[PDB]
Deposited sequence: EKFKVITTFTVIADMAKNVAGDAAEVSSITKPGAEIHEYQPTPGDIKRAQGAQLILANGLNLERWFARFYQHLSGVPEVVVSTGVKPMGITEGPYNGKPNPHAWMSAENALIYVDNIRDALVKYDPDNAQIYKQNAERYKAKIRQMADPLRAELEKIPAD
């Protein structure tokens, strides 16, 4: 069985699928806005070994007034407890490094795969970011 990763954030799943390649299975589940989960979400969550999440630095109230803390590490400390818009290239690169680091940490047996997939993906992301490329896109077809 492949290593299994889930997230509630669709674009994290998109990026993680490119870092994971064939080394891990990445699935997204739906976070209710507001209920009952679909059988597909039951199946997608089954066997998850890692959850990838956005942190406080992406909550609007916090990002508006605590920007200086955007790089502060945030650690989930509830593990085991049982209770009673546009994506800039710069941000995509940071996400990919963080996703790579998490997959390397929790699935060290595939570290080299994750590191090289991330490097390849980052290389494509920068190629897409070239400002000259954006200008040449404005040229209409003959």
{"query": "Deposited sequence positions missing from the model - stretches, numbered from 1, in order", "finding": "35-38, 89-102"}
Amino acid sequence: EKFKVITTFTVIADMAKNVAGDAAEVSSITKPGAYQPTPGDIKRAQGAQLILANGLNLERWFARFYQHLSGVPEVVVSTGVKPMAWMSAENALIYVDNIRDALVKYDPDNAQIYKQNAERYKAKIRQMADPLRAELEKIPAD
From here on, numbers count along this sequence of modelled residues.
| property | result |
| --- | --- |
| Residue range whose averaged C-alpha B-factor is higher in the record, 11-19 or 125-133 | 125-133 |
| Stretch with the greater mean C-alpha B-factor as recorded in the entry, comparing 70-78 against 40-48 | 40-48 |
| Candidate residues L56, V26, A89, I99, the one whose C-alpha B factor the record puts highest | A89 |
| Residue with highest C-alpha B-factor in the PDB entry, from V104, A63, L93, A85 | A85 |
